[PDB]
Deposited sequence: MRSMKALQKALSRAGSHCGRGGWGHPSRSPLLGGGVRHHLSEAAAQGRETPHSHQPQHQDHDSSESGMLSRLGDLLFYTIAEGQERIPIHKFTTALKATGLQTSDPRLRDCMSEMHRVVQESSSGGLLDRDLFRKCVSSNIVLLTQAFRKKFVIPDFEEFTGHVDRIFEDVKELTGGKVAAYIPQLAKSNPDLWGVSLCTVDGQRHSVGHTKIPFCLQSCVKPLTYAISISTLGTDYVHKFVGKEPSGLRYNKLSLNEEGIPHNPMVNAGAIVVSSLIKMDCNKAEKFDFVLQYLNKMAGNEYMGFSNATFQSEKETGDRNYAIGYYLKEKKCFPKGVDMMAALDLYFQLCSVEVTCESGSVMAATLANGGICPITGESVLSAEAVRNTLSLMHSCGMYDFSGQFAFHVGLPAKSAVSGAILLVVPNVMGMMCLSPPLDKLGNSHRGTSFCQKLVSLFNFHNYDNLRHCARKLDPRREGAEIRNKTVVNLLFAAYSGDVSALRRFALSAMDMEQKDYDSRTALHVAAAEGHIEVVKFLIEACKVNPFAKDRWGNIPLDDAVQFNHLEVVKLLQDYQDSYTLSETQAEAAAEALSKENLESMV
C-alpha cells in the first residue's frame, strides 16, 4: 500500500531529500516527546543500525524510513500532524514556566520543582524534578485503584466508605466502616484486601507490579530509612489499626499488623517528579498508561479514584480545592502534590514547606495559578473560554473561526444570527485574512435592511481602513447602487 510515510518525511524535510537524524530529533522534542520515549522504541533502533550499511553513513533517505517504521506510524503521524491533546506545546510550557517562576517569592527551601505528563505521552519538567521523595500517603488512590479493579466495585466498598468525613478524627461512618480510602483508616483497610492469600513480600511486589506500569517504568524505589521510621513512629496508625481491629471491620481471616506493615511499605515507595508526573497521567487517560500504551487499571477503577481525590484528596482543604481549582489532587507531608487534569494531563510538584492543612504552600499556589489561566476546572465551559486559554485546541483556531462564521451571512439575509455574536460580547472589530468585516462584506451589496442593524445596534466604527485602503463608499459606486450611500454619510 502507498503508505503516507513519505508524506511524513516531506513535512520533516523542508529542503533536499537527504536529512540528518539529528534534525529529526529536533522537531520531535518540539512536540514535547523525549528521544528516550518508550512509544517509539522500535523506531530509533533501526535508525542507529543504518550507520554502517548505508554508504553515506548517516544520511537517511525516503525509502529507508518506510521500512523501519511499522503499524505504529499512526502514533508517529499524530505527533507531527499536531493531533495530540496539547498542540503549541512550546508556548504552553513557557506559560507553565512563568507560573513556576512567579511563585518563587511565596515562602531545604531551594527544593522547588514541577513535572507534567500529557495523556498523549507529551511531557515537560522544570525545577528540581529528579530529587526522589516518598509517596507519603499519595499512594492511597493508587492502592485503592489497584484493589477496586482486581476485586470488584462492591467488594472494596463493603469495607470502606465512598464519601468524606468532614472533620485524624479516628471514627467510622454510619454503616460501620471507614469513611473513605483517602484517610488512614480507609487506606489501611483497602491495603488489607489486596492479595489476601499471599505473604508480605509477595503482596508488596504485586502492588508494586501495578506501579511501574502506572508510572511507565520510570524510577520507583522502596526506601528503607522511611520504612524503619514510621514503624517506630507509626503510633497514629497503630492506634487506627488496633481500633479497626477492635471494631472488627477487617475482612474475615486477615492479620492486622501484617496489613499495617504493607501499608508502611507503600508509603515508603520513593519516586521523582518526572516519574510522579507520568503517574496519574494514566489516571487522566482512564486506566491506560500514556507513555507506553499499557492498560493498567480498569475503567471503573480510574473513575472511582478520581471522584475520591475530588472529595477527600486534599484533607481539610479539599472543599476549597474542589471550588477554586476543581481538579483531583492528593497531597503529602513531604511537600509534594499529585494533580490530575482529566483528559488532558497529569502533574506532580515538589516544595518542602507545608501549610497548616497538610498541603504544600508553593504546590497549592501553583495549582491555583494554573487552573486560573488554562480552563482546566471541571465545570469551566469548554466553548466559552473567556480570558482562559484552552490548550486542547491550537492557538487562534477559535478566534479565527468565529470571524469566518460571522462574515458568512451576507446575501441570504441571516439578520438574527448577528445578534448572538454581538450579544455574547464577541469583538466585532476583528479583521479577517483579507481585512474584510461583516460591515464591509454586507456594505458591498448595499441592501440597507442588513447593515441597518450593525450601525444602529453595534455602533461599530465604519472608518476602518482595509488593506487596499478603499472605503465601502467606493465599493457601492463600483456596484451601481446609490440608495445605501445616503446612510453612509451619517454618523458624523
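Several segments of the deposited sequence are absent from the coordinates, namely 1-68, 176-189, 250-251, 577-602.
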